[PDB]
Peer 1: 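Sending over a structure as structure tokens; questions will come in a sec.
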There are 2 protein chains.
Amino acid sequence: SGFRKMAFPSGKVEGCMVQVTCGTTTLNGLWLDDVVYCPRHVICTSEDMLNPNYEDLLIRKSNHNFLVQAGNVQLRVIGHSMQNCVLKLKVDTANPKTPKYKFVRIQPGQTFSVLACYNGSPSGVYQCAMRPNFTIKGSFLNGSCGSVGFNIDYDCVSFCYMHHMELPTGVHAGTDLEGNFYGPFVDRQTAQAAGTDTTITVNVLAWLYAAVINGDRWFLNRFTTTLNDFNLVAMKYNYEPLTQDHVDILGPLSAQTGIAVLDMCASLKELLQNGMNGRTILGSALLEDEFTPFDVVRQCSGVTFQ
Amino acid sequence: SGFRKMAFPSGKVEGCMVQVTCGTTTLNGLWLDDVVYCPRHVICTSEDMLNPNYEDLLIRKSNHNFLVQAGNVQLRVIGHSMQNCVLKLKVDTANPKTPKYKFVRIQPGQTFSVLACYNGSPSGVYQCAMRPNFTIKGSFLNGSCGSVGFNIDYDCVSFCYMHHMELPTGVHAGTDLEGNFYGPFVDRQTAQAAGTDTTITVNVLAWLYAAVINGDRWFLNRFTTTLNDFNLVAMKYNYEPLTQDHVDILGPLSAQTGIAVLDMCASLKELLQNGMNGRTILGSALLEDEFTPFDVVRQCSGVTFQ
Ligand SMILES: *[C@@](O)(c1nc2cc(Cl)ccc2s1)[C@H](C[C@@H]1CCNC1=O)NC(=O)[C@@H]1[C@@H]2[C@H](CN1C(=O)[C@@H](NC(=O)C(F)(F)F)C(C)(C)C)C2(C)C
Ligand SMILES: *[C@@](O)(c1nc2cc(Cl)ccc2s1)[C@H](C[C@@H]1CCNC1=O)NC(=O)[C@@H]1[C@@H]2[C@H](CN1C(=O)[C@@H](NC(=O)C(F)(F)F)C(C)(C)C)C2(C)C
């Protein structure tokens, strides 16, 4: 029992972190096989960043200008290319600790672990959700750029996020590992704001199932609802629409607990309409939306990784 | 910016986890150099656990009865001994991934990361506090015993916790790495309850400093208080006494923000007396007590590990 915000074990990713320095600029990179992936703005000074022409800055660089360090050891760069907002540095040594891996673009509502790094060294690990507005509520300082986010499935690391920037209200934005931003953001120091965020309904329901499994059951009511009527209420409280696909994904938890999804929706509707009245669910005084159905099952069933 | 419950990177510990099987009982062990450390109740069946005589059970075992597996590979056991509630299995192979490490007994109020493991494989990592009542609010299932808790300081892993059991209300209890329990608990399946818990005052103050550093400043009032008067109020709300040592430990955060500790105490007193009135601090609707002053500084200053 118990339910915690749990991150994936970070060791497979720790073995891939390096430092990339170009001129006076240093950030983190990810070394897989013989390639180092990092934010392209390693080639910028704190003056180029107001309106940089990356293509222009890069043509004036050559391989030797990129100083890549894995711990002590310098990796010799033997090629470079830009892909969207990431640079790929081909190095002359393959990383012997490279895990089985994939690059995936995640969808809003999905979670992942972040390994926050500075100067190529890991500081800590935490779990994040890709928010509906394509930001993450991270914890990142100067020097954190090139830190990555990931999921693990058995032995395979799915890298889904590389960190680039901090927006107003202290939320974060970055790219997939092909250098395409999540959301409408650009890698330049210019006025940018996140869209209004929404609550990830399916994750809230997942977490309510987690509460039932842990014996926190006070909020279950005796009613059901239709999907349609549920969505009209959710809408008012700035919850995302619940789709049939979401219902289908909640099927395992529904089967385990014997609570139909639309019955749990009726309980959620009452929490939204009446509040929690000073009570907690799983220790929390607010409804939590950063656990996916899979996160709940993984945690409550003891799924392990290689 | 941003503030998250952040765990240490787990890789150094992942490289030390193994599976120990005795008879039909399997739990996790920790392999450092040529020793495997695990809960002594690996030698028990689900019948011996009501009132086990460990000394008696152990004398009937020999080295070969302990099946130790590191991934695929079986490690040959060449000696065994019991120390308090842990077994130490001497094996014929030194773990080549052993980090620099120490065994430490932590104090109530201190935090650490848990690497939750099943069958010798890691499932996830999260941060925990040793509660004043010597429990932790963990997330552990059947098969999690022998999972460890740890801190990292640069290159050195301080192991402070090995998991043994779950108490009523879904909280957890275990030992240091010399097999001595935290709190009054015993490794037997018998009626045991945690003492009433208390809020870790110094950690709450630490977290309020974290809020100020992140620009969440609404709760700062214009007053100060004495330590004595603060402690009379804290007492009523089941907060631990704040000592001068606690004040001294908050000195770095106080200096950084320019808010005297007793001024922050006055703000805390008002939160305790009046509540948060529906507002949040760092996204939380309750006062949080599982961040130490050091955790705040580590996270807000970007301290990294080897
Ligand atoms: C990185 O770690 C990077 N730092 C540098 C420094 C130099 Cl000289 C070159 C390239 C990089 S990448 C940080 C992480 C930030 C810092 C604070 N917290 C974080 O998460 N990234 C940045 O500094 C990026 C970088 C330029 C600006 N920037 C920002 O995050 C801006 N944000 C914005 O302008 C806004 F649009 F998002 F809001 C701030 C104001 C400095 C936080 C670029 C976007 C390329
Ligand atoms: C371990 O993983 C262990 N499991 C086994 C199984 C066998 Cl056959 C032998 C030895 C061990 S150690 C679990 C972890 C628990 C299970 C649920 N969540 C967890 O954290 N530990 C236990 O099962 C320990 C073990 C015997 C009982 N026990 C318990 O946790 C009891 N708790 C208590 O009796 C109480 F006093 F704490 F409350 C419960 C009721 C089974 C949870 C011993 C204490 C040696």
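Note that these values count all heavy atoms, side chains included, but never hydrogens, waters or copies made by symmetry. So you know, we letter chains A, B, ... as the sequences are listed, proteins then strands, and number each from 1.
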Peer 1: Working note: A:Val204 + A:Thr199, criterion side-chain contact (heavy atoms from CB on, under 4.5 Å); need CA distance, chi angles, decisive distance, verdict.
Peer 2: CA-CA 8 Å; A:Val204 177; A:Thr199 301; 3.7 Å; yes
Peer 1: As a quick check of understanding, evaluate side-chain contact (heavy atoms from CB on, under 4.5 Å) for A:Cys160 and A:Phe150, giving each step before the final call.
Peer 2: CA-CA 5 Å; A:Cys160 61; A:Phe150 60 98; 5.7 Å; no
Peer 1: Given side chains that start at C-beta, do those of A:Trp207 and A:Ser284 come closer than 4.5 Å, heavy atoms only?
Peer 2: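 Yes. Closest side-chain heavy atoms under 4.5 Å.
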Peer 1: I'd like to know if the side chain of A:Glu14 and the backbone of B:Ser10 have a donor-acceptor N/O pair within less than 3.5 Å.
Peer 2: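 Yes; judged by distance alone, with no hydrogens or angles, the pair exists.
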Peer 1: Are there over 12 heavy-atom neighbours, none belonging to B:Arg105, within less than 6.0 Å of that residue's CZ?
Peer 2: yes
Peer 1: Heavy atoms, side chains only, cut-off 4.5 Å: are B:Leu268 and B:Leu287 in contact?
Peer 2: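 A side-chain contact under 4.5 Å exists here.
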Peer 1: Is it the case that the side chain of B:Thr280 and the backbone of B:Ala285 share a donor-acceptor pair, with hydrogens and angles ignored and the cut-off at 3.5 Å?
Peer 2: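 No; zero donor-acceptor contacts below 3.5 Å.
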Peer 1: Determine the minimum heavy-atom distance between A:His41 and A:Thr25, stating which atoms define it.
Peer 2: O-CG2, 4.0 Å
Peer 1: Nearest heavy-atom pair of B:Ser147 and B:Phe140: which atoms, and what distance?
Peer 2: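 Nearest pair, atom of B:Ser147 first, then B:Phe140: CB-CE2, 4.1 Å.
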Peer 1: Output yes when A:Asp216 and A:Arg279 qualify as a salt bridge under the 4.0 Å nitrogen-oxygen rule, no when they do not.
Peer 2: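 No salt bridge links A:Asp216 with A:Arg279.
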Peer 1: Begin with the C-alpha distance, continue with both residues' side-chain angles, and end with the deciding distance and a verdict on side chain to side chain donor-acceptor pair (under 3.5 Å) for A:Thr21 and A:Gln69.
Peer 2: CA-CA 8 Å; A:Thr21 300; A:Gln69 302 161 282; 4.6 Å; no
Peer 1: Could you walk me through whether B:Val202 and B:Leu250 pass the side-chain contact (heavy atoms from CB on, under 4.5 Å) check?
Peer 2: CA-CA 8 Å; B:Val202 66; B:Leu250 286 165; 3.9 Å; yes
Peer 1: Looking at B:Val297, is its backbone amide N or carbonyl O close enough to the side chain of B:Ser301 to form a donor-acceptor pair, meaning the two atoms are under 3.5 Å apart?
Peer 2: yes
Peer 1: So does B:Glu178 get a backbone contact from the side chain of B:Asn84, meaning a donor-acceptor N/O pair under 3.5 Å?
Peer 2: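 Checking the backbone N and O of B:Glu178 against the side chain of B:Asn84, a donor-acceptor pair under 3.5 Å is found.
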Peer 1: Taking the side chain as everything from C-beta on, heavy atoms only, tell me whether B:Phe181 gets closer than 4.5 Å to B:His164.
Peer 2: yes
Peer 1: Ignoring hydrogens and geometry, is there a side-chain-to-backbone donor-acceptor pair from B:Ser123 to B:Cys117 under 3.5 Å?
Peer 2: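 No, the answer is negative, given that no donor and acceptor are paired below the 3.5 Å cut-off.
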Peer 1: Looking only at side chains, do A:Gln299 and B:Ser139 share a donor and an acceptor under 3.5 Å apart?
Peer 2: yes
Peer 1: Within a strict 4.5 Å, meaning less than it, do heavy atoms of the B:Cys265 and B:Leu227 side chains meet?
Peer 2: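 No, too far: nothing below the 4.5 Å cut-off.
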Peer 1: Tell me if a side-chain donor or acceptor on B:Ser254 pairs with a main-chain N or O of B:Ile259 at a distance below 3.5 Å.
Peer 2: yes
Peer 1: Start with the C-alpha distance between B:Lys100 and B:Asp153, add both sets of side-chain angles, then the distance that settles salt bridge (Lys or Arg N to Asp or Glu O under 4.0 Å), and finish with yes or no.
Peer 2: CA-CA 10 Å; B:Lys100 184 180 183 177; B:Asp153 180 311; over 6 Å; no
Peer 1: One thing to verify: whether B:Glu290 and A:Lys5 come together as a salt bridge, which I'm taking to mean a side-chain N less than 4.0 angstrom from a carboxylate O.
Peer 2: no
Peer 1: Quick one: do B:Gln127 and B:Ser113 satisfy side chain to side chain donor-acceptor pair (under 3.5 Å)? Show the steps, please.
Peer 2: CA-CA 4 Å; B:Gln127 267 297 88; B:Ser113 298; 2.5 Å; yes
Peer 1: Please report the interatomic distance CG(B:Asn28) to OG(B:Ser121), rounded to the nearest 0.5 Å.
Peer 2: 8.5 Å
Peer 1: Verify the ring-centre separation between A:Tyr126 and A:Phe112: is it less than 6.0 angstrom?
Peer 2: no
Peer 1: Once rounded to the nearest 0.5 Å, what's the spacing between atom CG of B:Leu271 and atom CG of B:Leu220?
Peer 2: 9.5 Å
Peer 1: State whether the number of non-hydrogen atoms from other residues, nucleotides or ligands found under 6.0 Å of A:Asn133 atom CG is greater than 12.
Peer 2: yes
Peer 1: Ignoring hydrogens, what is the shortest heavy-atom contact between A:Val296 and A:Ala210? Give both atom names and the distance.
Peer 2: CG1-CB, 3.7 Å
Peer 1: Determine whether the aromatic ring centres of residues A:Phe291 and A:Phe3 are separated by less than 6.0 angstrom.
Peer 2: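 Yes, they do, as the ring centres are separated by less than 6.0 Å.
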Peer 1: Output, in order, the C-alpha distance, side-chain angles, deciding distance and verdict of side-chain contact (heavy atoms from CB on, under 4.5 Å) for B:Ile281 and B:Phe219.
Peer 2: CA-CA 9 Å; B:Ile281 300 169; B:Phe219 57 84; 3.8 Å; yes
Peer 1: Any non-hydrogen side-chain atom of A:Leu27 less than 4.5 Å from a side-chain atom of A:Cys38?
Peer 2: yes
Peer 1: Checking B:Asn151 against B:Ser158 for the side chain to side chain donor-acceptor pair (under 3.5 Å) test, could you report, in this order, the C-alpha distance in whole Å, the side-chain angles of both residues, the deciding distance, and whether it holds?
Peer 2: CA-CA 5 Å; B:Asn151 284 277; B:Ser158 288; over 6 Å; no
Peer 1: B:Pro99 versus B:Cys16: any side-chain heavy-atom pair under 4.5 Å?
Peer 2: yes
Peer 1: Counting N and O atoms only, with roles assigned by atom type, does the side chain of A:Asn214 sit under 3.5 Å from a partner on the main chain of A:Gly2, one being a donor and the other an acceptor?
Peer 2: yes
Peer 1: Can you label the angle between the B:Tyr161 ring and the B:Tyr182 ring as parallel, tilted or perpendicular, going by 30° and 60°?
Peer 2: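 If you compare the ring of B:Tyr161 with that of B:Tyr182, the planes turn out parallel.
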Peer 1: Please confirm whether B:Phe305 and B:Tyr154 have ring centers closer than 6.0 angstrom.
Peer 2: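 No, the ring centres sit 6.0 Å or more apart.
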Peer 1: Can you tell me how far SG of B:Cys128 sits from CZ of A:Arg4, rounded to the nearest 0.5 angstrom?
Peer 2: 4.5 Å
Peer 1: In Å and rounded to the nearest 0.5 Å, what is the OH to CG distance from B:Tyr209 to B:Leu205?
Peer 2: 7.0 Å
Peer 1: Quick one: do the B:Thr224 and B:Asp263 side chains pair a donor with an acceptor below 3.5 Å?
Peer 2: yes
Peer 1: Give a yes or no answer on whether the side chain of B:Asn238 reaches the backbone of B:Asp197 with a donor-acceptor pair at less than 3.5 Å.
Peer 2: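 Indeed, once roles are kept as given, a pair shorter than 3.5 Å links the two residues.
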Peer 1: Roughly how far, to the nearest 0.5 Å, is the CD1 atom of A:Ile152 from the OG1 atom of A:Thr304?
Peer 2: 11.0 Å
Peer 1: Would you say the side chain of B:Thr198 lies within less than 4.5 Å of the side chain of B:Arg131, judging by non-hydrogen atoms?
Peer 2: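 No, side chains not in contact.
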Peer 1: Can you find a heavy atom in the side chain of A:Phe8 that is under 4.5 Å from one in the side chain of A:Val157?
Peer 2: no
Peer 1: Over all heavy atoms of both residues, which pair between B:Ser1 and A:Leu141 is shortest? Give the atoms and the distance, please.
Peer 2: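 Looking at all heavy atoms of both residues, the shortest contact is N-CD2, 4.3 Å.
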Peer 1: What is the minimum heavy-atom distance between B:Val86 and B:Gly179, and which atoms define it?
Peer 2: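 In terms of heavy atoms, the two residues are closest at CG1-CA, 3.6 Å.
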Peer 1: Dump the intermediate steps for side chain to side chain donor-acceptor pair (under 3.5 Å) on A:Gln110 and A:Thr292, then the final yes or no.
Peer 2: CA-CA 7 Å; A:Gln110 296 180 332; A:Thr292 66; over 6 Å; no
Peer 1: Drop me the distance from A:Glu288's CD to A:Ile200's CD1, to the nearest 0.5 angstrom.
Peer 2: 11.5 Å
Peer 1: Would you say the side-chain atoms of B:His172 pair up with the backbone N or O of B:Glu166, donor to acceptor, closer than 3.5 Å?
Peer 2: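 No: the side chain of B:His172 does not pair with the backbone of B:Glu166.
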Peer 1: Closest heavy-atom contact between A:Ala173 and A:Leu167?
Peer 2: CB-CD1, 3.9 Å
